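# Remarks on the overall topology
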Amino acid sequence: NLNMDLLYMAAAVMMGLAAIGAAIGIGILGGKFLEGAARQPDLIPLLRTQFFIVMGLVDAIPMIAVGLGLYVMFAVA
Amino acid sequence: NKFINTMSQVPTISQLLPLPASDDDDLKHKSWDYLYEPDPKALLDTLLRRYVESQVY
């Protein structure tokens, strides 16, 4: 019935917005990392550790979105 | 002529404008790369003007 037709739509919108947010956020962060590294490569491993430290908080919320989207799609159905 | 001592000197010919050799490799980083705050080319031009003048004096 109508329930599943709307629930697939809901999961779709949630995970689409999650995808956009996560991808473009890491894009912005990584660009500055690469430019600064090109100026002085001695900091690459250090800044790459910083990079994961910050990228975790970038992916914090979008994976709430992805988990609830998968839940709606496979458990609410 | 080089003022080698109070009682000794010698005439010399030295390379001035095209930069002579040095013994080093690049120093990657210390403080800030002022270079691109103003135009690099113009500032380097001014600096080398100063360099040649100081050598002559």
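Residues numbered from 1 in each chain as written, not as in the entry; some residues may be left out. Chains lettered and ligands numbered in written order. Part of a larger assembly, values for the part shown. Heavy atoms only, no water.

In terms of determination method and resolution, the entry is listed under cryo-EM at 4.1 Å.

### Notes on the packing of helix α1 (residues 2-39) of chain A against helix α2 (residues 44-76) of chain A
Residues and elements named next belong to chain A. Short version of the rule: Lines fitted to C-alpha atoms define the axes here, with helix axes fitted over just the stretch in contact, and angles between the N-to-C directions of these axes take values from 0 to 180 degrees. Each helix is a run of H or I in the DSSP string that is no shorter than four residues. Each strand is a run of E no shorter than two, and both are numbered from the N terminus. An angle counts as roughly parallel when it lies under 35 degrees, as roughly antiparallel when it exceeds 145, as roughly perpendicular when it falls between 65 and 115, and as oblique in every other case. Side-chain classes follow a simple rule in which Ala, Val, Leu, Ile, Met, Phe, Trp, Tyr, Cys and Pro form the nonpolar group, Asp, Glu, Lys and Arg form the charged group, and the remainder, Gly included, forms the polar group.
α2 packs onto α1 with a crossing angle of 175 degrees between their chain directions and a minimal axis gap of 8 Å. Compared by their axis directions, α1 and α2 come out roughly antiparallel. Among the residues making up the contact of α1 with α2, the classes are represented as 25 nonpolar, three polar and two charged.

### Let's talk about the packing of aromatic side chains
Residues and elements named next belong to chain A. What counts is decided by this rule: Each pair of aromatic rings taken from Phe, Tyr and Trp, with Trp reduced to its six-membered ring, is defined by centres within 6.5 Å and is described as stacked if the planes are under 30 degrees apart, edge-to-face if over 60, and tilted in the remaining cases. Accessible area is worked out with a 1.4 Å probe on protein chains only. A residue is then buried under 20% of its type maximum, exposed over 50%, and partly exposed in between.
For the structure on display, the rule yields two aromatic pairs over all chains. Residues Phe33 and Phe51 carry aromatic rings whose centres are separated by 5.9 Å and whose planes lie at 35 degrees to one another, so their mutual orientation is tilted. You can see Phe33 sitting in helix α1 and its partner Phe51 sitting in helix α2, a full 18 residues away along the chain. Classification of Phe51 as buried rests on a relative accessible area of 18%. Among the aromatic residues, those joined into a ring-pair cluster are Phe33, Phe51 and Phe52.

### Observations regarding α1 of chain A
Residue and element names in this part refer to chain A. For clarity, the cut-off: By this rule the span expected of a helix is its residue count minus one, scaled by 1.5 Å. We call two residues in contact when some of their heavy atoms are within 4.5 Å.
Across its 38 residues, α1 extends 57 Å between first and last C-alpha, which sits within 8% of the 56 Å expected from 1.5 Å per residue. Those residues of α1 lying buried are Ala11, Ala18, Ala22, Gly30, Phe33, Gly36 and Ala37. Packed against the buried residues of α1 are α2.

### Some words on the pattern of salt bridges
We apply this condition: Salt bridge, as applied in this entry: a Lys or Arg side-chain nitrogen positioned within 4 Å of an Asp or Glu carboxyl oxygen.
Under the counting rule described, the total for this entry stands at two salt bridges over all chains. Of the charged contacts, one joins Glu35 of chain A and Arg39 of chain A as a salt bridge, the two residues approaching to 2.8 Å between their closest N and O atoms. Of this pair, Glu35 of chain A and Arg39 of chain A are both found in helix α1, four residues apart, which corresponds to roughly one turn of the helix. Looking at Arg39 of chain A, the relative accessible area reads 51%, which means it is exposed. Between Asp26 of chain B and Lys28 of chain B there is a salt bridge, with its nearest N and O atoms 3.2 Å apart. Among the residues examined, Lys28 of chain B registers a relative accessible area of 41% and is labelled partly exposed.

### Concerning a nonpolar patch on the surface
Residue and element names in this part refer to chain A. Counted only if it meets this: Two joining distances apply to patches: 9 Å for like charges and 5 Å for nonpolar side chains (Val, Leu, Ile, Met, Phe, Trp, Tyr), and every residue must have over 30% relative accessible area and no salt bridge. Throughout, the Shrake-Rupley method with a 1.4 Å probe supplies accessible areas, and for residues the shown protein chains are the sole cover considered.
Together, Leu6, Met9, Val13, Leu17, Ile20, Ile24 and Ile28 line one region of the surface with nonpolar side chains, adding up to about 730 Å² of accessible area. The topology assignment puts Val13 in helix α1. We classify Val13 as partly exposed; its relative accessible area is 43%.

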